[PDB]
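Okay, so here's the structure we're looking at.
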Amino acid sequence: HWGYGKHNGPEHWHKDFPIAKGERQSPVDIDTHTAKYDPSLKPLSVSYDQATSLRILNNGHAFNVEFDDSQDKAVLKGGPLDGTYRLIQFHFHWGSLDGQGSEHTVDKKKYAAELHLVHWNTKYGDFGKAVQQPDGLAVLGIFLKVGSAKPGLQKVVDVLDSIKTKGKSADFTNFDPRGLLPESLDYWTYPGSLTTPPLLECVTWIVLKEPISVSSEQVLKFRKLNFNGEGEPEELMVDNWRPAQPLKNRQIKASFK
Ligand SMILES: NS(=O)(=O)c1ccc(NC(=O)COc2ccc3c(c2)OC(=O)CC3)cc1
Ligand SMILES: [Zn+2]
């Protein structure tokens, strides 16, 4: 099956998922000089005060913190979006070394990790239908650099021992995702895709300019997770990122001058 190894990694995905060579694939390099300020972009509206986290799962490619998305509780609106997008899960991508790990890059710079807060357009009724639509998802991407610890991430870090291997899950209630945001909501935006199979071209990408700082110990703990299931040779969950894909016929717009 697909993964991030030499024999099943990103260069192989097109054989089972031909859209991997499509016209709006993600991630991309964000060339900050070529991104144009769009004064018609509105501020992002992040309404997470009623978020209800439920569970954390190691799915064999990352860990997902999952939310109750059966009502409008944690929603993203505004920015480039029309309508209301409900938070369903967040996860990260990260490297084996602090110098790599992000999916998006900024002037070819790689951050140590990248957080994806995944939301689906409520006009499509549930997540499975949304991913079949060109405006079905809005993913908020936030870069992680290594420096000072992020206090709001520590609850995530400390449960990872309990989901070391693929298929393990743990209760994860009462987690506040606002503790993962940077101060500024300035962003870049462009039309793209899921960055893992099935690579569907259903995502409005909203990538924040301001990274968050996490400590070396925090990302160290991400790197102790396993891609494999319990009882099967240990493969550390590192470098679970897809590299930048061709921009093709797309413009990245900036919300800020
Ligand atoms: N890296 S990315 O572009 O942000 C990116 C973001 C999101 C995805 N896809 C998903 O999360 C899938 O969600 C699901 C899928 C299946 C089921 C679910 C929830 O619940 C169940 O009942 C069992 C079935 C891929 C990539
Ligand atoms: Zn992701």
### Query
If a residue has to be under 28 Å from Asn59 (Cβ atoms) and of a type in the set (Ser, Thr, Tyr) to count, how many in segment 1-46 make the cut?
2
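Collect the residues in segment 190-215 that are of a type in the set (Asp, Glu) and either within 13 Å of ligand 1 (Cβ to nearest atom) or under 14 Å from the mean Cα position of the chain (by Cα) (or both), keeping them in residue-number order.
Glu201
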### Message
Residue pairs, Cβ under 6 Å, 6 or more apart or interchain, first in segment 212-223 and closer than 10 Å to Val146 by Cβ, second surrounded by fewer than 16 Cβ atoms within 10 Å (Cβ to Cβ) and among the polar types (S, T, N, Q). List them.
### Response
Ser213/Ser148
### Residues (basic (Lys, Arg) and either part of a strand (DSSP E or B) or buried (at least 17 other Cβ atoms within 10 Å of the Cβ) (or both)) located in segment 241-257
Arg242, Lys253
### Query
Is it the case that segment 152-171 has a residue that's closer than 27 Å to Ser47 by Cα and assigned to a loop (DSSP other than H, G, I, E, B)?
no
### Task
Consider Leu57 carefully, then state whether it is touching a residue at least 24 places away in the same chain (Cβ under 8 Å), within 30 Å of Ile252 (Cα to Cα) and buried (at least 16 other Cβ atoms within 10 Å of the Cβ).
no
### Task
Just give me the residues in segment 108-125 being in contact (Cβ under 8 Å) with a residue 40 or more places away in the chain, part of a loop (DSSP other than H, G, I, E, B) and surrounded by fewer than 22 Cβ atoms within 10 Å (Cβ to Cβ), in sequence order.
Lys108
### Query
Just wondering, is there one or more residues in segment 5-17 that are over 18 Å from the mean Cα position of the chain (by Cα), closer than 24 Å to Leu199 by Cα and buried (at least 18 other Cβ atoms within 10 Å of the Cβ)?
yes
### Task
Could you check how many residues of segment 130-180 are over 19 Å from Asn58 (Cα atoms), aliphatic (A, V, I, L, M), surrounded by 16 or more Cβ atoms within 10 Å (Cβ to Cβ) and away from ligand 2 (no atom under 16 Å from the Cβ)?
1
### Task
Would you check if there is a residue in segment 90-112 being of a type in the set (A, V, I, L, M) and within 16 Å of ligand 1 (Cβ to nearest atom)?
no
### Message
For segment 88-109, which positions are within 15 Å of ligand 2 (Cβ to nearest atom) and closer than 19 Å to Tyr190 by Cα?
### Response
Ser102, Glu103, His104, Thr105
### Task
Working only within segment 211-237, note down all residues that are surrounded by 21 or more Cβ atoms within 10 Å (Cβ to Cβ) and either among the β-branched types (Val, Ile, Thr) or part of a strand (DSSP E or B) (or both).
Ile212, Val214, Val219
### Residues satisfying the stated conditions in segment 61-89, i.e. of a type in the set (S, T, N, Q) and within 13 Å of ligand 1 (Cβ to nearest atom)
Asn64, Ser70, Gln89
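Just so you know, all these numbers are worked out from the coordinates, no wet-lab data involved. We place every Cβ from the backbone using ideal geometry, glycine too, and count neighbours over all the protein chains shown.
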